[PDB]
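Engineer: See query-v6.cif below, with mmCIF, C-alpha atoms; chains and numbers go by the auth columns.
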data_protein
#
loop_
_atom_site.group_PDB
_atom_site.id
_atom_site.type_symbol
_atom_site.label_atom_id
_atom_site.label_comp_id
_atom_site.label_asym_id
_atom_site.label_seq_id
_atom_site.Cartn_x
_atom_site.Cartn_y
_atom_site.Cartn_z
_atom_site.B_iso_or_equiv
_atom_site.auth_seq_id
_atom_site.auth_asym_id
ATOM 1 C CA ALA A 1 148.565 -56.508 5.330 0.00 111 O
ATOM 2 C CA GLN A 2 145.924 -54.048 6.542 0.00 112 O
ATOM 3 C CA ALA A 3 144.974 -56.450 9.340 0.00 113 O
ATOM 4 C CA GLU A 4 148.632 -56.728 10.368 0.00 114 O
ATOM 5 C CA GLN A 5 148.985 -52.934 10.353 0.00 115 O
ATOM 6 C CA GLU A 6 145.819 -52.620 12.448 0.00 116 O
ATOM 7 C CA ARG A 7 147.213 -55.175 14.904 0.00 117 O
ATOM 8 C CA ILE A 8 150.457 -53.191 15.172 0.00 118 O
ATOM 9 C CA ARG A 9 148.494 -49.972 15.723 0.00 119 O
ATOM 10 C CA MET A 10 146.370 -51.670 18.391 0.00 120 O
ATOM 11 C CA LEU A 11 149.502 -52.933 20.147 0.00 121 O
ATOM 12 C CA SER A 12 150.991 -49.429 20.107 0.00 122 O
ATOM 13 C CA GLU A 13 147.745 -47.953 21.454 0.00 123 O
ATOM 14 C CA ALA A 14 147.647 -50.581 24.209 0.00 124 O
ATOM 15 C CA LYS A 15 151.235 -49.739 25.161 0.00 125 O
ATOM 16 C CA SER A 16 150.340 -46.037 25.246 0.00 126 O
ATOM 17 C CA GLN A 17 147.300 -46.723 27.438 0.00 127 O
ATOM 18 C CA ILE A 18 149.424 -48.859 29.771 0.00 128 O
ATOM 19 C CA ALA A 19 151.971 -46.041 30.043 0.00 129 O
ATOM 20 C CA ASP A 20 149.230 -43.499 30.789 0.00 130 O
ATOM 21 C CA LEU A 21 147.682 -45.748 33.449 0.00 131 O
ATOM 22 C CA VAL A 22 151.107 -46.323 35.019 0.00 132 O
ATOM 23 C CA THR A 23 151.710 -42.566 35.086 0.00 133 O
ATOM 24 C CA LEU A 24 148.331 -41.966 36.740 0.00 134 O
ATOM 25 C CA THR A 25 148.996 -44.661 39.353 0.00 135 O
ATOM 26 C CA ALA A 26 152.458 -43.241 40.060 0.00 136 O
ATOM 27 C CA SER A 27 150.959 -39.761 40.431 0.00 137 O
ATOM 28 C CA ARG A 28 148.359 -41.058 42.894 0.00 138 O
ATOM 29 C CA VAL A 29 151.009 -42.925 44.905 0.00 139 O
ATOM 30 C CA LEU A 30 153.271 -39.859 44.958 0.00 140 O
ATOM 31 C CA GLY A 31 150.365 -37.685 46.087 0.00 141 O
ATOM 32 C CA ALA A 32 149.572 -40.083 48.922 0.00 142 O
ATOM 33 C CA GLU A 33 153.246 -40.181 49.929 0.00 143 O
ATOM 34 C CA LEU A 34 153.425 -36.376 49.906 0.00 144 O
ATOM 35 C CA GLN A 35 150.254 -36.144 52.000 0.00 145 O
ATOM 36 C CA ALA A 36 151.703 -38.598 54.525 0.00 146 O
ATOM 37 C CA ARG A 37 155.331 -37.465 54.796 0.00 147 O
ATOM 38 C CA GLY A 38 154.897 -33.801 53.888 0.00 148 O
ATOM 39 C CA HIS A 39 156.271 -31.695 51.036 0.00 149 O
ATOM 40 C CA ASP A 40 158.487 -29.721 53.446 0.00 150 O
ATOM 41 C CA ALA A 41 161.329 -32.198 52.871 0.00 151 O
ATOM 42 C CA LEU A 42 161.542 -30.957 49.268 0.00 152 O
ATOM 43 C CA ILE A 43 162.237 -27.381 50.418 0.00 153 O
ATOM 44 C CA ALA A 44 165.920 -28.246 50.879 0.00 154 O
ATOM 45 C CA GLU A 45 166.066 -28.856 47.116 0.00 155 O
ATOM 46 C CA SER A 46 165.409 -25.137 46.519 0.00 156 O
ATOM 47 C CA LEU A 47 169.135 -24.462 47.040 0.00 157 O
ATOM 48 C CA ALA A 48 170.260 -26.888 44.313 0.00 158 O
ATOM 49 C CA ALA A 49 170.469 -24.108 41.709 0.00 159 O
ATOM 50 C CA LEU A 50 168.752 -20.996 43.122 0.00 160 O
ATOM 51 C CA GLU B 1 121.749 -68.233 -58.178 0.00 56 A
ATOM 52 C CA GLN B 2 125.480 -68.254 -57.411 0.00 57 A
ATOM 53 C CA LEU B 3 125.400 -64.611 -56.299 0.00 58 A
ATOM 54 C CA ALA B 4 122.391 -65.210 -54.043 0.00 59 A
ATOM 55 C CA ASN B 5 123.985 -68.287 -52.460 0.00 60 A
ATOM 56 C CA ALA B 6 127.242 -66.435 -51.776 0.00 61 A
ATOM 57 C CA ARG B 7 125.416 -63.512 -50.159 0.00 62 A
ATOM 58 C CA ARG B 8 123.305 -65.804 -47.964 0.00 63 A
ATOM 59 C CA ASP B 9 126.348 -67.795 -46.829 0.00 64 A
ATOM 60 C CA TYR B 10 128.264 -64.631 -45.923 0.00 65 A
ATOM 61 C CA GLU B 11 125.313 -63.241 -43.951 0.00 66 A
ATOM 62 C CA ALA B 12 124.869 -66.498 -42.029 0.00 67 A
ATOM 63 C CA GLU B 13 128.582 -66.665 -41.193 0.00 68 A
ATOM 64 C CA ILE B 14 128.621 -63.078 -39.913 0.00 69 A
ATOM 65 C CA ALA B 15 125.521 -63.632 -37.770 0.00 70 A
ATOM 66 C CA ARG B 16 126.891 -66.838 -36.237 0.00 71 A
ATOM 67 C CA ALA B 17 130.259 -65.258 -35.423 0.00 72 A
ATOM 68 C CA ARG B 18 128.623 -62.219 -33.812 0.00 73 A
ATOM 69 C CA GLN B 19 126.299 -64.371 -31.694 0.00 74 A
ATOM 70 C CA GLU B 20 129.148 -66.594 -30.487 0.00 75 A
ATOM 71 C CA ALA B 21 131.320 -63.602 -29.578 0.00 76 A
ATOM 72 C CA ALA B 22 128.492 -61.886 -27.686 0.00 77 A
ATOM 73 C CA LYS B 23 127.661 -65.036 -25.714 0.00 78 A
ATOM 74 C CA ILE B 24 131.308 -65.615 -24.775 0.00 79 A
ATOM 75 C CA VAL B 25 131.760 -61.996 -23.667 0.00 80 A
ATOM 76 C CA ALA B 26 128.614 -62.099 -21.522 0.00 81 A
ATOM 77 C CA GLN B 27 129.664 -65.361 -19.859 0.00 82 A
ATOM 78 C CA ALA B 28 133.144 -64.006 -19.109 0.00 83 A
ATOM 79 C CA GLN B 29 131.733 -60.792 -17.622 0.00 84 A
ATOM 80 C CA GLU B 30 129.306 -62.698 -15.389 0.00 85 A
ATOM 81 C CA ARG B 31 132.065 -65.025 -14.172 0.00 86 A
ATOM 82 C CA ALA B 32 134.367 -62.085 -13.408 0.00 87 A
ATOM 83 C CA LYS B 33 131.645 -60.269 -11.456 0.00 88 A
ATOM 84 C CA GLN B 34 130.850 -63.383 -9.412 0.00 89 A
ATOM 85 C CA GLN B 35 134.539 -63.943 -8.650 0.00 90 A
ATOM 86 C CA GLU B 36 134.964 -60.320 -7.551 0.00 91 A
ATOM 87 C CA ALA B 37 131.946 -60.535 -5.235 0.00 92 A
ATOM 88 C CA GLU B 38 133.216 -63.776 -3.685 0.00 93 A
ATOM 89 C CA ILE B 39 136.669 -62.232 -3.206 0.00 94 A
ATOM 90 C CA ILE B 40 135.157 -59.201 -1.470 0.00 95 A
ATOM 91 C CA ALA B 41 133.138 -61.433 0.862 0.00 96 A
ATOM 92 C CA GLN B 42 136.187 -63.562 1.701 0.00 97 A
ATOM 93 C CA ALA B 43 138.283 -60.459 2.398 0.00 98 A
ATOM 94 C CA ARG B 44 135.592 -59.079 4.709 0.00 99 A
ATOM 95 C CA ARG B 45 135.393 -62.385 6.593 0.00 100 A
ATOM 96 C CA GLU B 46 139.181 -62.569 6.972 0.00 101 A
ATOM 97 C CA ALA B 47 139.324 -58.978 8.229 0.00 102 A
ATOM 98 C CA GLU B 48 136.582 -59.687 10.774 0.00 103 A
ATOM 99 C CA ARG B 49 138.394 -62.798 12.022 0.00 104 A
ATOM 100 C CA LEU B 50 141.684 -60.901 12.332 0.00 105 A
ATOM 101 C CA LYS B 51 139.973 -58.079 14.235 0.00 106 A
ATOM 102 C CA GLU B 52 138.371 -60.578 16.621 0.00 107 A
ATOM 103 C CA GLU B 53 141.725 -62.279 17.239 0.00 108 A
ATOM 104 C CA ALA B 54 143.424 -58.928 17.873 0.00 109 A
ATOM 105 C CA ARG B 55 140.671 -57.906 20.296 0.00 110 A
#
Any chance you could give the structure as structure tokens?
Structural biologist:
Amino acid sequence: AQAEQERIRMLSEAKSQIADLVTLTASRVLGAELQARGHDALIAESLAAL
Amino acid sequence: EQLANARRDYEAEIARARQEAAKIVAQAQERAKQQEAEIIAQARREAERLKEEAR
């Protein structure tokens, strides 16, 4: 039972690490896209609520 | 003579019973300890195998 619980914990930790790596990769891709296109296009979103 | 024989027989019976009980108790304790040690070793081996499979 302890081995099964450890396996479940390891699976959860692996899923968490995969999510963190995916978030880091998405952040890097978004940063590259912002550097290429330019953040100025987001300025129009300032009037959504303000 | 009858009194002496009765006393000797009672003493011998008590000694034999005590020796048998002590020997049986010691054997049972040794067997239990060996079984517990073997169980601990088997549990450790199973845990190691499960950890390797999970890794």
Engineer: Would you work out the distance separating CA of residue 70 (chain A) from CA of residue 87 (chain A), expressed in Å to one decimal?
Structural biologist: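 Between CA of residue 70 (chain A) and CA of residue 87 (chain A) the gap is 26.0 Å.
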Engineer: If I take CA of residue 100 (chain A) and CA of residue 88 (chain A), how far is one from the other in Å, to one decimal?
Structural biologist: 18.6 Å
Engineer: If the PyMOL selection byres ((chain O) within 9 of (chain A)) were run on this exact file, what residues would it hold? Put them as a list in words.
Structural biologist: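 Taken over the shown coordinates, the PyMOL selection byres ((chain O) within 9 of (chain A)) returns residues 112, 113, 114, 116, 117, 120 and 121 of chain O.
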Engineer: Using the selection just defined, write its residues with C-alpha atoms as a CSV table (one decimal), in the coordinates of the input.
Structural biologist:
chain,number,residue,atom,x,y,z
O,112,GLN,CA,145.9,-54.0,6.5
O,113,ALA,CA,145.0,-56.4,9.3
O,114,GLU,CA,148.6,-56.7,10.4
O,116,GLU,CA,145.8,-52.6,12.4
O,117,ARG,CA,147.2,-55.2,14.9
O,120,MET,CA,146.4,-51.7,18.4
O,121,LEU,CA,149.5,-52.9,20.1
Engineer: Could you tell me how far CA of residue 127 (chain O) sits from CA of residue 145 (chain O), in Å to one decimal place?
Structural biologist: 26.9 Å
Engineer: If the box runs along x, y and z of the file and leaves 6 Å on each side of region 66-80 of chain A, what are its centre and edge lengths in Å, one decimal, as JSON?
Structural biologist:
{"center_x": 128.3, "center_y": -64.4, "center_z": -33.8, "size_x": 18.9, "size_y": 17.0, "size_z": 32.3}
